[PDB]
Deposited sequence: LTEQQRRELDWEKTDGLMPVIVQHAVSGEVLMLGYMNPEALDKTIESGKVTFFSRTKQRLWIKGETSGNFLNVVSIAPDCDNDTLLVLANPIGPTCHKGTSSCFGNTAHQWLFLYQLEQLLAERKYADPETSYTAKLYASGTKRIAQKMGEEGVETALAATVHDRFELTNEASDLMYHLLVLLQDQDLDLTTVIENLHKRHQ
């Protein structure tokens, strides 16, 4: 970062660096904005995404007019030091690209849908009964693989994931916590 910032190709970008902002957990791409060297210093120092208006006037912190700020987790250049990628966590309530989404994003959204259905008209049956579904789906999953029924295996693996996400939510965890736990190993 003391090295990286000098090497930024400010000349090639006309002092206006393109910055991709991406959700730090889910990988959803949120926006492209533009940073001058000041914007980047303020971003680094504040920990909030700060841009510089291409259109006309001034630095602006993302959210300074709405409450919808982006907390920086990481910033990295590409190979030619002419684009930044910022991983950020949004605060205040998805991203500017219509309904396009990378396939695995659906698992992350599914988890959000299952969390909201705590309050619809499985969760009410209590931890033990949610747990019983995992355990019995693990059995089914094991048997379907073992007889090489790939179609059954897919559907049981799918029920297993579904129920595991519910089980995690029930105990105030989530799949992000598991994934991070795997990353630490």
- [ ] Would you flag the ranges of the deposited sequence that the structure leaves without C-alpha positions?
- [x] 1, 95 to 100, 129 to 136, 201 to 202
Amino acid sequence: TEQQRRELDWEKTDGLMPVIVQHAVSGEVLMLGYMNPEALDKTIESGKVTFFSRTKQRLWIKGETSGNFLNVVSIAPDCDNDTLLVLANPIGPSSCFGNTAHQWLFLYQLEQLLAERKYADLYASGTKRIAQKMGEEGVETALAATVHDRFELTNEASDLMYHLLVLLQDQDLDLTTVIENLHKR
From here on, numbers count along this sequence of modelled residues.
Open item on the list: Comparing average C-alpha B factors as deposited, tell me which of 57 to 65 and 32 to 40 sits higher.
Closed with: 57 to 65
Task: Mean Cα B-factor comparison, 102 to 110 or 70 to 78, giving the higher one as deposited - done: 70 to 78
- [ ] Sort the modelled residues of this chain by their C-alpha B factor and say whether residue 124 lands in the lowest, middle or highest third.
- [x] middle
- [ ] Looking at the entry's B-factor column for C-alpha atoms only, identify whether residue 169 ranks in the lowest, middle or highest third of its chain.
- [x] middle
Open item on the list: Where does the C-alpha B-factor of residue 8 rank in its chain, lowest, middle or highest third?
Closed with: highest
Task: Ranked against its chain, the third holding the CA B-factor of residue 149 - done: middle
Task: Record-listed C-alpha B factor of residue 25: chain third - done: lowest
